[PDB]
Every structure is written in C-alpha cells, then in structure tokens.
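Just the one chain here, laid out as structure tokens, in the form deposited in one PDB entry.
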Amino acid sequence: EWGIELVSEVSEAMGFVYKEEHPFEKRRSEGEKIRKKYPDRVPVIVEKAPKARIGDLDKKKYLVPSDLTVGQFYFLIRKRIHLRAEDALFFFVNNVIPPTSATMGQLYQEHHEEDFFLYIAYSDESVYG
C-alpha cells in the first residue's frame, strides 16, 4: 500500500526523571499496585525529549484508558501542553514512533517495562533528540 513508515533504531538513551528519582523496586511495587487497582487503565510515564522546544508535562503517573487509541492520546497531550492540532507532535517508545491506531492497552502490553510502567517520550520533531 506504500504507506509511510517512520523507522528508527531501537534504543534506550532517554533518561526519564521518574526512573532517576525512584529505585526499580519502588517503581515495580507501585506499578503492580496500580495495575491491580485500575484494571481498565494502563500506567504511563510521559516526559519531553531533552532537546524538544515545547511545553513540559506535569510529573504525574498518567492512568490512561486501555481502549483509548494512541491517536487520541496525542490529542490529549496536545491539549495539556497547548499545542494546536496543526502542530507536530511525536511519541517515542524505546526510540520508535508507535502507530496511531494502536490502543494504549496494546501499546502497554507490547512495551511496558519490568516495573509495569509504559514510558513515552515526546517531541515536536520526528527524530528523537
């Protein structure tokens, strides 16, 4: 069908403040608890890519409906950081841009870390930096 695919090397260069600030076992305990308490949501850490010149998100554990699509989540985040619909926004999970049609639950199952969080970096540019 000759659709566009934004490819990239899988990599883990992004330092998430949530990870820097909490030891793995604390994160894992919390992630496990959250998954049990809110079984129709997935826990997501969302942080701006280092060189991105756009607004920052509040430091929260974002509990996202599992059936929300990635495309919908883009709009949710645009609203939080006061980006227009016409403004570029890209998500990276281990340096790779996820498909907009995936649900957040699918994305979570594919990519959550061993602490039971999903980690998403965001940028205004399509290549992480």
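Note that the rigid core is defined as the largest set of C-alphas that superpose within 1.5 Å between two forms. Sequential numbering from 1, following the sequence displayed. Only residues modelled in both forms are compared.
We do not show the form solved in complex with a partner chain, though everything after this point is about it.
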Exercise. Using a 4.5 Å heavy atom cut-off, state whether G55 contacts the partner chain in the deposited bound form.
Key: no
Exercise. May I ask you to state whether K61 is within 4.5 Å of the partner chain in the deposited bound form, using heavy atom distances?
Key: yes
Exercise. Although the partner chain is absent from this view, report whether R80 comes within 4.5 Å of it in the deposited bound form, heavy atoms only.
Key: yes
Quiz prompt | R41, heavy atom within 4.5 angstroms of the partner chain in the deposited bound form | solution = yes
Practice problem: Return the sequence-ordered list of stretches, each of 3 or more consecutive shared residues, in which all C-alpha shifts are 2 angstroms or more between this form and the one not shown following rigid core superposition. | Solution: 58 to 60, 84 to 87
